[PDB]
Every structure is written in structure tokens, then in C-alpha cells.
Amino acid sequence: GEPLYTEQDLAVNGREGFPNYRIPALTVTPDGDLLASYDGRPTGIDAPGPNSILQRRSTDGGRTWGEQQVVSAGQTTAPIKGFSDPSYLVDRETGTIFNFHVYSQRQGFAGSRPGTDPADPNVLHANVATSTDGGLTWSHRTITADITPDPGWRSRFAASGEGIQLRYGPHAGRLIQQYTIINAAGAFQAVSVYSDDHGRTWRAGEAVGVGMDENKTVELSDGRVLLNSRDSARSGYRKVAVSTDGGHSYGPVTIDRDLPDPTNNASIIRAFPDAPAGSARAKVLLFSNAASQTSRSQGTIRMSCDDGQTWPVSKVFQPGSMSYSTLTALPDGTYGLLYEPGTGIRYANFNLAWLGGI
Ligand SMILES: CC(=O)N[C@H]1[C@H]([C@H](O)[C@H](O)CO)OC(C(=O)O)=C[C@@H]1O
């Protein structure tokens, strides 16, 4: 077809109530509405800043966006509370939407102490907001205790963006959301948090790697779950691991030289999420990140047609400043992209024809 690439800002620093906006999360409701979530930052900083989780909705495929509404409101007055780094997760079977995020008080990620008590202001808590009405109203839950099987895990945070629901195998229906934890030795590890009962209970899998950070997972054509991670040890590339199970454990972590990265968040999705297992279309992956190894710039989309082995097609969508980016498959066959150009958060829409390879 004919190449399509358009973009418009959803939030710009200083307008609509907050001096700074950051951290994109994007998803599509079962009704087909597009939901964009991000941080509203009063002091322009990460947790423990008294941040708010915000949301904008589009009912016409991303063309027009409704007003900025608050999902979780931070408290700028003492007792200070903050809510940051959103990640959406839609249970396509039940139609339920989840929005995972941090619940901070006195500490952020690096400073969190061990503990699980919601009342303890020294721990960085894990929260989930649940909606059964398409993202209109939300019910909140602190699940730190449920996802901390090892008392030595002193900190954690859901990787911002969008999680997944498995379609194949013995664990089909399973909701997976990635987290980064800091263990007793001070090591940064990746871990899958999942639910087999459509969100009633959440539990952690086995932690993997060292030098890990914000990480994402995708279900491959054979049902294997590929983990793609930001490298906190700064190799200049993305780290990768694979899981063949559901009681999540991942194999060894290796550096992927095909994916340069300056130690920043990225997104990896299935181009055709509904394709049947083993089919050619099920092997197609899209990846968005900053390709520069020296700075957060040169935002590009890469495409693989072999479950992530090779990435023969790539195109730059933002030559300049580009930090965090997330992708989702829209029902019209195109792709939504929420990203950070340095001025707040911007929404972009593109199709495969635009990519050039196919
Ligand atoms: C909970 C939290 O702190 N999230 C932040 C995250 C984290 O600090 C880093 O991943 C090192 O672990 O990094 C950044 C960043 O732009 O680099 C922004 C996130 O809001």
C-alpha cells in the first residue's frame, strides 16, 4: 500500500497543569478506543517525586484525543505520595484493563528498603489499577506482598509501556507484566509478574540476569517468551533471554549486537498478534528504540520476520531527541507509537508500507 506516518503531541511540558510530562504507556481497549498514559511530574523528577498517572482517550482511532484525566493522583503536600511509570495490560478474554505503576512515599527505586507493608513509607510499592469499564473508572491495589517471594528483593518497578497476554500453549490466557528488582546483593534483575486467573492474583516468576533494567516480553511463533532488556551495565546493546515455560524461568542472558541502545527503555511487539502458532505472520516482530549508543536519539523501528533472530529492516522515525517509546497494534492494521521527543509525549501512527522492507 501507500506509506503512512503522522504524529501529534498529546502532552507538552508546561501546558495543561504540569511543568513536565514523561513515561509513555499505550494500549487499545476491546471497544477499540486508544488509551495513552504517562506521568504528570510537579517537580520534573522520577519517584519519589509526587507524580500522577494521567490518561487521554481517543475514540476515533487516534485522530482526536479527549481530555487529560487522572488515574492515580500524587500528593504534593506532606504526607507526600507519588505514582509513576505506567504500563497497560489488557486481558482480551475478559475485557479487563490494568495499569501498573509505582506507589512511592519517601523512597524511589534505588533507595527502597526491604519490606512489604503498604504503610511503610521506606519501600517503593507496586500498585495496579484495574478497570472493568474500558478505562473510565479505576480500583487500586498494592500488590507488593504478592510479588515478593524472596524477602531479600528490596525494590521493584513495573517496566513502563505495555505488557502481554499469552495466546498459545498450556499457559494461554496468562497475563505477563515485566518488573526489575534489586536483590540483597544490590544486583539489578529482571522478573516476570503474571496472573493465571485474569488478574485476581499476581505472582512473580524466577529472577534472571545481572545488570538488568526495564525489560519487555513477547510471545514468539512457537510460544516461547522472549525477554528484551535495557542493560544497566551499559554494554551499548540490548540484553536478551528466552523462556520455554509458564512458572517463568528464563535461560542465559546474552548481549544482542543487532540492537544498539544507549541504556534506555524500548518496546517489542508482535506485528500480527492474532496469527496462529507457527505461521509466517506469527514470526513477525516490531521493535522501537533509540539506536544511538552515545545518546537518547535516532529513534528507529526495526522489523524481524524470524522471531527476532535477524532484523533486516529498519527506519528512523525521529532523527533527533528520542527517549522512551512504546508500540501497539491498532485494529485497522496500522501501529500506534507513543514516544518522548524531549518536549513531553507524542503519538505517532505508521503502517508497514512506511517501513520500506516489505
Ligand atoms: C521507578 C523509576 O525510577 N523509573 C525511572 C527509571 C529508573 O530510574 C532506571 O531504569 C534505572 O534503573 O529510569 C528513567 C530514565 O529515563 O532513565 C525514567 C523512569 O521513570
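For this chain, numbers begin at 1 and follow the sequence in order. No hydrogens, no waters, no symmetry mates; every other heavy atom, side chains included, goes into these values.
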Next on the checklist: Using the ring centroid of each side chain, check whether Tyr38 and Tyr324 are separated by less than 6.0 Å.
Outcome noted: no
Item to check | Evaluation steps, side-chain contact (heavy atoms from CB on, under 4.5 Å), between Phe287 and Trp311 | outcome: CA-CA 9 Å; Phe287 178 80; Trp311 299 90; 3.7 Å; yes
Next on the checklist: Check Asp46 with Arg41, please: is the shortest side-chain N to carboxylate O separation under 4.0 Å?
Outcome noted: yes
Checklist entry - So, are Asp274 and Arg167 salt-bridged, with charged N and O less than 4.0 Å apart? => result yes
Checklist entry - Distance only, no hydrogens: is a donor on one side chain within 3.5 Å (strictly under) of an acceptor on the other, for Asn122 and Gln107? => result no
Checklist entry - Does any donor atom in the side chain of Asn51 or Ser84 lie under 3.5 Å from an acceptor atom in the other side chain? => result yes
Checklist entry - In terms of hydrophobic clustering (I, L, V, M, F, W, Y; side-chain heavy atoms under 4.5 Å; direct or indirect links), are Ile269 and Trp354 co-clustered? => result yes
Next on the checklist: Do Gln178 and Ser192 pair up side chain to side chain, a donor and an acceptor below 3.5 Å, judged on atom types alone?
Outcome noted: yes
Item to check | Partners meeting salt bridge (charged side-chain N to carboxylate O under 4.0 Å, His left out) with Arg346 (sequence neighbours left out) | outcome: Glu7, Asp9
Next on the checklist: Let me check something: do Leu327 and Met322 share a hydrophobic cluster, defined by ILVMFWY side-chain heavy atoms less than 4.5 Å apart, either directly or through other members?
Outcome noted: yes
Item to check | N/O donor-acceptor pair under 3.5 Å between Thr29 side chain and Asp31 backbone | outcome: yes
Item to check | Carboxylate-amine/guanidinium proximity below 4.0 Å for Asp306 and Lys283 | outcome: no
Checklist entry - Would a line drawn from the ring center of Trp153 to the ring center of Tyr179 be shorter than 6.0 Å? => result no
Checklist entry - Less than 4.0 Å between a side-chain N and a carboxylate O, is that true for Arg22 and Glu340? => result yes
Checklist entry - With the 4.5 Å side-chain cut-off for hydrophobic clustering, are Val28 and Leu166 part of the same group? => result no
Checklist entry - Going through the checks in order, is the side-chain contact (heavy atoms from CB on, under 4.5 Å) test met by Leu227 and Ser243? => result CA-CA 8 Å; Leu227 186 139; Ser243 168; over 6 Å; no
